[PDB]
Protein chains: 4
Amino acid sequence: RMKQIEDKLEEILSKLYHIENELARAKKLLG
Amino acid sequence: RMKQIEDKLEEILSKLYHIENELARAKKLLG
Amino acid sequence: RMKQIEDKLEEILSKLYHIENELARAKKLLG
Amino acid sequence: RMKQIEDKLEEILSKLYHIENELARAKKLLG
């Protein structure tokens, strides 16, 4: 399916945002 | 191709989980 | 949809570059 | 295009591998 695609994209992108948050934490803990 | 597209989407997803896990461990080491 | 698929692929890509940059800076802070 | 898709997937995945390498460095620098 083509939406199914787009679906998975949306999820992948979601993970990326979280990773970006997780990196913001780690940069702060590094002073 | 769509199967391949579908396989690579999962692969991307499983790397993301791996990455989020690596980063999770670093965040807590730095703790 | 294909345009949207195409837009989200780029978005994913630009986050990846951002992430690789964050991580690049942490690797060198730790240096 | 559907290959164009798959194409971008391949690139995204490539970035993920590198990110994984970059994280392996950073975990080593963290002892």
Side-chain angles (χ1 to χ4, degrees):
Chain A
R1 200 9 219 156
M2 214 76 332
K3 232 204 82 206
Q4 208 302 62
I5 293 176
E6 229 192 320
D7 304 344
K8 288 288 191 191
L9 304 177
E10 205 77 56
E11 187 179 21
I12 289 170
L13 200 38
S14 209
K15 315 290 175 187
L16 298 179
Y17 281 112
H18 172 66
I19 285 170
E20 268 187 336
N21 292 327
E22 275 236 85
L23 248 17
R25 303 193 211 299
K27 277 166 301 170
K28 135 167 91 44
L29 287 181
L30 280 180
Chain B
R1 289 222 152 302
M2 283 264 10
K3 186 66 195 181
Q4 289 227 69
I5 286 175
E6 180 58 41
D7 289 300
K8 237 93 194 53
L9 281 163
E10 288 304 304
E11 203 181 331
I12 297 172
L13 261 166
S14 314
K15 228 136 205 80
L16 302 169
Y17 298 122
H18 188 51
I19 295 164
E20 285 187 327
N21 290 157
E22 293 184 279
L23 244 2
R25 304 157 206 154
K27 98 193 282 225
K28 85 153 154 31
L29 292 189
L30 279 21
Chain C
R1 289 222 152 302
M2 283 264 10
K3 186 66 195 181
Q4 289 227 69
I5 286 175
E6 180 58 41
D7 289 300
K8 237 93 194 53
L9 281 163
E10 288 304 304
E11 203 181 331
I12 297 172
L13 261 166
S14 314
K15 228 136 205 80
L16 302 169
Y17 298 122
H18 188 51
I19 295 164
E20 285 187 327
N21 290 157
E22 293 184 279
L23 244 2
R25 304 157 206 154
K27 98 193 282 225
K28 85 153 154 31
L29 292 189
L30 279 21
Chain D
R1 200 9 219 156
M2 214 76 332
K3 232 204 82 206
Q4 208 302 62
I5 293 176
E6 229 192 320
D7 304 344
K8 288 288 191 191
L9 304 177
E10 205 77 56
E11 187 179 21
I12 289 170
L13 200 38
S14 209
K15 315 290 175 187
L16 298 179
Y17 281 112
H18 172 66
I19 285 170
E20 268 187 336
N21 292 327
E22 275 236 85
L23 248 17
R25 303 193 211 299
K27 277 166 301 170
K28 135 167 91 44
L29 287 181
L30 280 180

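Naming: A, B, ... by sequence-line order, numbering from 1 per chain.
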Subject >> Test item: C:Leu23 and C:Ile19 side chains (from C-beta on) under 4.5 Å apart, heavy atoms >> reply: yes
Original post:
Do you know which two heavy atoms are closest between A:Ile12 and C:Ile12, and how far apart they sit?
Top reply: CG2-CD1, 4.0 Å
Original post:
Mind checking what makes salt bridge (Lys or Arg N to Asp or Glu O under 4.0 Å) contact with D:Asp7, not counting sequence neighbours?
Top reply: D:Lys3
Subject >> Residue pairs fulfilling side chain to side chain donor-acceptor pair (under 3.5 Å) with at least one residue in residues 12-31 of chain D, sequence neighbours excluded >> reply: B:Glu22-D:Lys27, C:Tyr17-D:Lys15
Original post:
With C:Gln4, which residues qualify under side chain to side chain contact (heavy atoms under 4.5 Å, CB included), at least two apart?
Top reply: A:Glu6, C:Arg1, C:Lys8
**OP:** Specify the closest pair of heavy atoms between A:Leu30 and C:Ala26, including all atoms of both residues, with the distance to one decimal.
**Re:** CD1-CB, 4.2 Å
Subject >> Inter-residue atom distance A:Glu10.CD - C:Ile5.CD1, 0.5 Å rounding >> reply: 11.5 Å
